[PDB]
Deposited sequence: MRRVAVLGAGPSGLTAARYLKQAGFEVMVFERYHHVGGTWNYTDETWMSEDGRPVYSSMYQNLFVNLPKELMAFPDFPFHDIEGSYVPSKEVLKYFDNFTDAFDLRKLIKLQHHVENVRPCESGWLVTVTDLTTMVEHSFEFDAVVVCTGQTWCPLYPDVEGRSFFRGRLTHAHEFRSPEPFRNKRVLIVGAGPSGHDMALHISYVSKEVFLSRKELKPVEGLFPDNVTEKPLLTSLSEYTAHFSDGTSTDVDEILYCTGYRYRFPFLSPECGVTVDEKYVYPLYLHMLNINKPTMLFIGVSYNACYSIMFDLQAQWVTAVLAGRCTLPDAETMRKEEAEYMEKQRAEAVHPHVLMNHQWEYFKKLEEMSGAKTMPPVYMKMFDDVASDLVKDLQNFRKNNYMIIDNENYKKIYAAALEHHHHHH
């Protein structure tokens, strides 16, 4: 391998570019937006941009992180000085802009370039991209392709009996930018994950009555599963019903890679991408790898170790089994996800053991154990104390210990 394409310049693509560059590859990064940083960029556009391509960002106004900045920084690139552990979103954008300049990656990135197609070409890959400033299509040959285009832009909707009859306004979390369209409305939020809880909190400030349906301020009434809709009325599994003007679906996202031609060898289902080894390596075409298909983890460690493992594979330095053994282990792993009732690429129940395995394979520096200890202490605080957890401040003391500040 010498020439490697990275698709996307969010946190996955930037961290890939860092380590691929480190490794002496010739790297090119394609990014459709006009700034690096991925979903940490806020735009008022939703769905499709005036520039003729999709909007990939689901960031909204006045968002604060849900994990302390101490766990969001890479172990060897600390956060810039800012007061507070639970920073606004624009500080994490700044952190990735600073990362990009600290590791001299900006000269690698083609901004406002939208990847339209990726297909195998003999032993290599052919990537077709449009320069959105000129609308000209350009073509590029690579020995390897690392896909880092994210999974929080293509919405997933529940199927709800009677939805076609509802005559209020329907929206999804992707398009939420501020609570203003919900002012004085009766709002049903479906899905009580991070988006549902946070959006419920932001909407509770402007709206008449907010309902949160899951299978808070006075404002927010909890509901069980939504089981049908009629013209202006939502019906719950508990037999109760409430009239609503707006439904906001916070039911998450599906995987979607429109540029992958079928010849790339990957099947993309709503919550499953296969066949990948360790959520990264395309077993059918092993010079294509993905970063960021797994989720629900300590993301800074996940990006850093995935990018080093992908780099080690491409550099010929990783301890890999044969394709048959990778298919077998992928199967075993996905049987276990079904037994634990989690989706295929959810790392939460075994992330530390997974990260240890990526370190052993790739020769990455061992993670400071304080990341594990702090994450395990604080990560579910959004669930446990939604209204006040962001008031807490932390400081890392050394690679084993942290403290809570006041």
query	finding
Deposited positions lacking CA coordinates	216-223, 415-425
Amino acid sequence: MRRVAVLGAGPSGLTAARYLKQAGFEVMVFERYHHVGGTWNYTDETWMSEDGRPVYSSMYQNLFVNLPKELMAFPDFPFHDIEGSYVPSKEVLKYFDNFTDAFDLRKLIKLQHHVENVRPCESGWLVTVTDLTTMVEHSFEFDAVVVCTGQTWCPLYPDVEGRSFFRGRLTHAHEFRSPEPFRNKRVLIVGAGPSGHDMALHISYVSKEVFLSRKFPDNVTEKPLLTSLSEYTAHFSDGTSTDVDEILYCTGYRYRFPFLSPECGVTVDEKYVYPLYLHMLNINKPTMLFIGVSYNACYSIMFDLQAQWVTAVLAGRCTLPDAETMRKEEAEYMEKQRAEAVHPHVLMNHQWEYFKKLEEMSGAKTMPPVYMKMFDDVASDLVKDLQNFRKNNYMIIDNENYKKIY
From here on, numbers count along this sequence of modelled residues.
item: Stretch exceeding the other in mean C-alpha B-factor - 236-244, 94-102; value: 236-244
item: Which of 316-324 and 290-298 has higher mean CA B factor, as the PDB entry lists it; value: 316-324
item: Peak C-alpha temperature factor (PDB record), options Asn219, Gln308, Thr128, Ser230; value: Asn219
item: Selection from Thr152, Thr149, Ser139, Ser85 [criterion: highest C-alpha temperature factor in the record]; value: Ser139
item: Among modelled residues of the same chain, the CA temperature factor third for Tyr205; value: highest
item: Chain third (lowest, middle, highest) by recorded CA B-factor, residue given as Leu7; value: lowest
item: Entry-reported Cα temperature factor of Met28, expressed as the chain third it lands in; value: middle
item: Modelled-residue ranking by C-alpha temperature factor, third containing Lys110; value: middle
item: Third of the chain, ranked by Cα B-factor, where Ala364 sits; value: middle
